[PDB]
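Listed below, chain by chain, are the residues.
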Amino acid sequence: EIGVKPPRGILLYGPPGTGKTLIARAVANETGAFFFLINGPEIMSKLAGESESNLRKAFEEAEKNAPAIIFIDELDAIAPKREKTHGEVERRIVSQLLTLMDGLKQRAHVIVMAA
Amino acid sequence: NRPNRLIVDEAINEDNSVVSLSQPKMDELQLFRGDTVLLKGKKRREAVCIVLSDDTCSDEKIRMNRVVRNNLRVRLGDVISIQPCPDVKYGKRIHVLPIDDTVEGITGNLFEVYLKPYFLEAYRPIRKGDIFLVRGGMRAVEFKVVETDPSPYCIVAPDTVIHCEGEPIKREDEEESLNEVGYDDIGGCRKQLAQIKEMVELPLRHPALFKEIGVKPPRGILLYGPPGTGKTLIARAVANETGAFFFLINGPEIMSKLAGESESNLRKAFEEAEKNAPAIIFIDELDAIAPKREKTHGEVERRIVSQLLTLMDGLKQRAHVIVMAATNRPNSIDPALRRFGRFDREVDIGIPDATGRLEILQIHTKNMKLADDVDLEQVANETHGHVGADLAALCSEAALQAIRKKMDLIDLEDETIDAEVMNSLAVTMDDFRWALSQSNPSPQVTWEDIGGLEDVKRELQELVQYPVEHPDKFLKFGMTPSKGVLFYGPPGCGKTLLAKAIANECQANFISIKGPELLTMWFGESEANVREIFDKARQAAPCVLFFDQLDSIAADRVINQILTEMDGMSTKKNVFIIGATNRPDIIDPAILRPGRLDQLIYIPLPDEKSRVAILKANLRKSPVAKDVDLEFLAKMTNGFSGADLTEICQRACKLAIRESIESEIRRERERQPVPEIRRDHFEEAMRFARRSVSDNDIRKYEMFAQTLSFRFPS
Ligand SMILES: Nc1ncnc2c1ncn2[C@@H]1O[C@H](COP(=O)(O)OP(=O)(O)OP(=O)(O)O)[C@@H](O)[C@H]1O
Ligand SMILES: Nc1ncnc2c1ncn2[C@@H]1O[C@H](COP(=O)(O)OP(=O)(O)OP(=O)(O)O)[C@@H](O)[C@H]1O
Ligand SMILES: Nc1ncnc2c1ncn2[C@@H]1O[C@H](COP(=O)(O)OP(=O)(O)O)[C@@H](O)[C@H]1O
Ligand SMILES: [Mg+2]
Ligand SMILES: [Mg+2]
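The rules behind these values
- Residues numbered from 1 in each chain as written, not as in the entry; some residues may be left out.
- Chains lettered and ligands numbered in written order.
- Part of a larger assembly, values for the part shown.
- Heavy atoms only, no water.
- Residues with missing side-chain atoms left out of burial classes, pairs and counts.
- Helix = DSSP H or I, 4+ residues; strand = E, 2+ residues; numbered from the N terminus.
- Rg over C-alpha atoms; globule rule 2.2 N^0.38 Å.
- Axes fitted to C-alpha atoms, helices over the stretch in contact; angles between N-to-C directions.
- Parallel < 35°, antiparallel > 145°, perpendicular 65-115°, else oblique.
- Left-handed = near helix turned anticlockwise from the far one by under 90°.
- Contact = heavy atoms within 4.5 Å.
- Nonpolar A, V, L, I, M, F, W, Y, C, P; charged D, E, K, R; others polar.
- Near = heavy atom within 4 Å.
- Polar contact = N/O pair within 3.5 Å; in protein donor to acceptor, adjacent residues only side chain to side chain.
- Areas by Shrake-Rupley, 256 points an atom, 1.4 Å probe, with all protein chains shown as cover.
- Buried area = accessible area lost by both parts, 1.4 Å probe.
- Salt bridge = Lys/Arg side-chain N within 4 Å of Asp/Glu carboxyl O.
- Buried < 20%, exposed > 50% of the residue type's maximum accessible area, 1.4 Å probe, protein only.
- Pairing = 2+ DSSP bridges.

A. The arrangement of the overall build of chain B in detail. Counting secondary structure elements, chain B contains 32 helices and 22 strands. Expected size for 714 residues packed as a compact globule is a radius of gyration near 27 Å; at 43 Å, chain B overshoots this value by more than 25%. Each principal axis of the C-alpha distribution contributes one length, and for chain B these read about 130 × 75 × 70 Å.

This is the structure:
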């Protein structure tokens, strides 16, 4: 009614031990919306291109169970500087994540967190 | 400004089928009442309606109701074009579809209740996609025209078949089409938008014009700006209100595709662009898709860059397609892309200005429910460095403060929120003020200190201020002011503070260097020190250079470097040099020639009256009682410099301060005055002091003075 879109991406950053994934656990335990958990290195797959498809499938799994929350633990594992990345698959994964985040406005009911 | 252009006006008795035009403009267009005409507005939205006339209508205005206003995606005061729409045939079969929430809870037959009476013998002209509102039933229901036969323009005759079975239209789709994004939405870049439109639409609209002059249109347009300016928004707006087909390519979307599938996508984009000419290709974030070919760790990126190069070179401009790019780092784009023939024109999208950011805030906040108190102009002023993305984030933060203010009355655990709260909820100026609070945008010495030498100070203004005081007179009358002045005499005239005062009077920084500091006991370091000092003076212009113990500088090539750089410094006219010498005989004449040090000013020991002036200055710096006589102190300081007299004042101040503190501490301790000085302390400081400069030094300086009377004939 007031006319402002919800915040689509929240980044939790801090020194080790502060309680970021503890916040994630608390939210996953006491939120109403369906909770999807993503661990960065878990995205990797041996088959050609299956890791980007894993990120994609996670996002559409959030789509079907809307509203949803996606938690991407250890975001720096899969989101380094593409100017400094020497690997093709990692660069494709970062770009795929960027495309998903840009479409997250199209989603209209999904919120993603990262620690 | 054209007769076809008509300013939007309110309708009085015009329904969805009729529009009113003034009689003089009705004759000007050679139009007749009852004719069918084509209506064009923003965002390439058209309509067809019956044309009528109203004598109460202003000439420059056109009458059409709110529904027709919506169908043209405009508001009151906007500009639309009017043209005849000949050969609109009678309808055979047209399909209309309702809106979901407008029909929710309605279970009757849509046709009989709404459509047939509203289309009964009306001969209503309707174009595909038009939205029309029909009264009746329990509540007014909106409908969407999805299909007509013939298309797009048709007349609903009595024999026209009307059917509405199918799927209703959602509110989200209609809302997205309604708000969407136009040229008016982008604010603060009207110059850049005008340049873009004239650069891109003219080859699309008039390729023949470029053919006649014989000049090929620009092939590619490159957008470079800091992140947040709105290049993607400009791309979307161009995608909207251009007749040519628009194909959008995202750099991340192409990178995310597997190797060889990005190649196929680029090929298919160019093929579709040439197939449906005229066309536009946009590659957003060109830096993402095209890294520097010299420095790229992946072969796939180089392949994609080279494929883009070949495809853009292969464009023959007969299809007249324009490729368009946007970036955050223009230098990150490959040099081959920026060369002539590829992305030849580059458009800079800078940070919006105050009026521009006020415009941006207008569009951002016009969706938002607003109170009367909040003023957008003050917020725009307080956002000096905020770019449009920061403005949107600031709007969100202000809304969030409104939410927090209404948070206490509401409950999070509730499944629904109360209506009285939301109609009570409103954003004020204070919310924007808090958002602004959190938001983050992306000499000393004077002339009074030195007592005396007022004429010397006037000479100093003649030296320094006159070029600024009257530059026009200097321009008319050949004049290069002296850049160097020598102060010769005892170290008792305050020339050090005269330099600071002359620098301060023009608010120019002042540099002071001691004589032995220049030496370095190295073969070329000492000379390089002088050159570095002269460079500092040149770059820190306007400035004044002071060389304490300048004579001590003067086998020895350092002085010769000084002459060299003093010759060189003549190019810059606002740098000044002042010289201090302890003995005048030692300094070489080559230092004191005109062009290096042409003004010789004698610095005399302070006068007794000048000593009283120094005493007044010291009374200003430190409170002093009137029991002591300033004349007596000045008399007793004949052989003492101004510095030693000031030190006498300082010591007297110390003694009197000690006396006052001791008396007040004695009073405070017995419980458990005169910071102004007495004559006793002044006598103490007089007898403590020793002479600064003997008579012999004054004899030397006087002899130097004597080493330094005309009437023209007839
Ligand atoms: N603010 C806090 N309140 C209560 N317990 C906390 C808090 N912060 C951390 N802890 C506890 O300390 C430990 C911190 O581990 P945890 O992995 O949650 O921290 P983190 O900073 O999010 O981790 P990492 O930096 O490795 O991602 C856990 O046992 C957690 O329960
Ligand atoms: N001049 C403007 N007028 C209206 N809205 C603007 C303006 N500038 C920015 N915005 C708003 O700020 C946001 C800009 O997002 P957008 O992705 O288009 O920016 P950008 O600078 O082109 O992006 P990027 O850095 O990814 O190239 C949008 O919400 C847009 O509505
Ligand atoms: N003739 C003078 N008249 C007024 N003040 C002086 C005079 N000579 C020195 N002073 C004061 O004494 C302080 C030290 O001066 P000093 O550097 O010894 O003079 P000089 O530049 O002749 O060596 C300065 O702050 C200056 O204000
Ligand atoms: Mg953790
Ligand atoms: Mg952008």
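B. Region of interest: the packing of helix α14 (residues 354-366) of chain B against helix α16 (residues 388-405) of chain B. Residue and element names in this part refer to chain B. Where α14 contacts α16, the two axes come as close as 10 Å, and the packing angle between them is 45 degrees. Between α14 and α16, the crossing angle belongs to the class labelled oblique. α14 and α16 meet at a crossing whose hand is right-handed. Contact with α14, carried on its side by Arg357, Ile360, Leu361, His364 and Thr365, involves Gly388, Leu391, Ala392 and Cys395 of α16 and no other residues of that element. When grouped by side-chain class, the residues that make up the contact of α14 with α16 number five nonpolar, three polar and one charged.

C. Representation of the site of ligand 2. All names here are of chain B. The environment of ligand 2 is formed by 16 residues, the closest being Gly187, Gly228, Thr229, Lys231 and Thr232. At a separation of 2.8 Å, a nitrogen atom of ligand 2 approaches a polar backbone atom of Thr229. In this structure, an oxygen atom belonging to ligand 2 sits 3.5 Å away from a side-chain N or O atom of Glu285. Burial of ligand 2 by the surrounding chains reaches 77%, relative to a free accessible area of 640 Å². Elements with a contribution of two residues or more to the shell around ligand 2: α8 (231-240), α14 and α16. Here the element with the most residues in the shell around ligand 2 is α8; it accounts for three residues. Of the residues belonging to the shell around ligand 2, the class tally is five nonpolar, eight polar and three charged.

D. Structural context of the interface of chain B and chain A. With 22 residues of chain B at the contact, the number on the chain A side is 16 residues. For the pair chain B and chain A, the summed buried surface comes to about 1,600 Å²; carbon and sulfur atoms form 60% of the total. It is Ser256, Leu258 and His297 of chain B that lose the most area in chain B upon contact with chain A, and together they represent 31% of the buried surface on that side. Scanning the region where chain B abuts chain A turns up one salt bridge. Residue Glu301 of chain B pairs with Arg91 of chain A through a salt bridge whose shortest N-O separation is 3.5 Å.

E. View of helix α22 (residues 495-505) of chain B. Residue and element names in this part refer to chain B. Within α22 the residues assigned to the buried category are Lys495, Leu498, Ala499, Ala501, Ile502, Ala503 and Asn504. On its buried face, α22 sits against α19 (454-464), β18 (484-488), β19 (509-514) and β21 (575-581). Just downstream of α22, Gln507 is the residue with a positive phi angle, here 55 degrees.

F. Representation of the sheet that holds β21 of chain B. All names here are of chain B. Read across the open sheet, the five strands follow the order β19-β20-β21-β18-β22; overall the sheet is parallel. The strands lining the two open edges of the sheet, one partner per strand, are β19 and β22 (599-602). Between one strand and the next, the sheet's axes are offset by a mean angle of 20 degrees, whatever the strand orientation. Of the pairings in the sheet, the one linking β19 to strand β20 (residues 543-548) comprises six bridges and is parallel in character. Directly across from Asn509, in β20, lies its bridge partner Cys543. Sitting on the sheet, α22 is in contact with β18, β19, β20 and β21, with an inclination near 155 degrees to β19. Strand contacts of helix α24 (residues 525-539): β19, β20 and β21, with the helix running at about 155 degrees to β20, the strand carrying the most contacts.

G. Focus on the pattern of salt bridges. All names here are of chain B. Applying the stated criterion to the full structure yields 21 salt bridges over all chains. Here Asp101 and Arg171 are joined by a salt bridge, their closest N and O atoms 3.3 Å apart. Pair noted here: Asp101 is in helix α3 (residues 100-103) and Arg171 is in helix α5 (residues 171-179), with a separation of 70 residues, a long-range link. The exposure class assigned to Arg171 is partly exposed, which follows from its relative accessible area of 38%. Between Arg171 and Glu142 there is a salt bridge, and its shortest N-O distance comes to 3.6 Å. You can see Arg171 sitting in helix α5 and its partner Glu142 sitting in strand β10 (residues 141-147), a full 29 residues away along the chain. Classification of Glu142 by relative accessible area gives partly exposed; the value is 24%. Several salt bridges converge on common partners, so that one network encompasses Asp101, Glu142 and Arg171.

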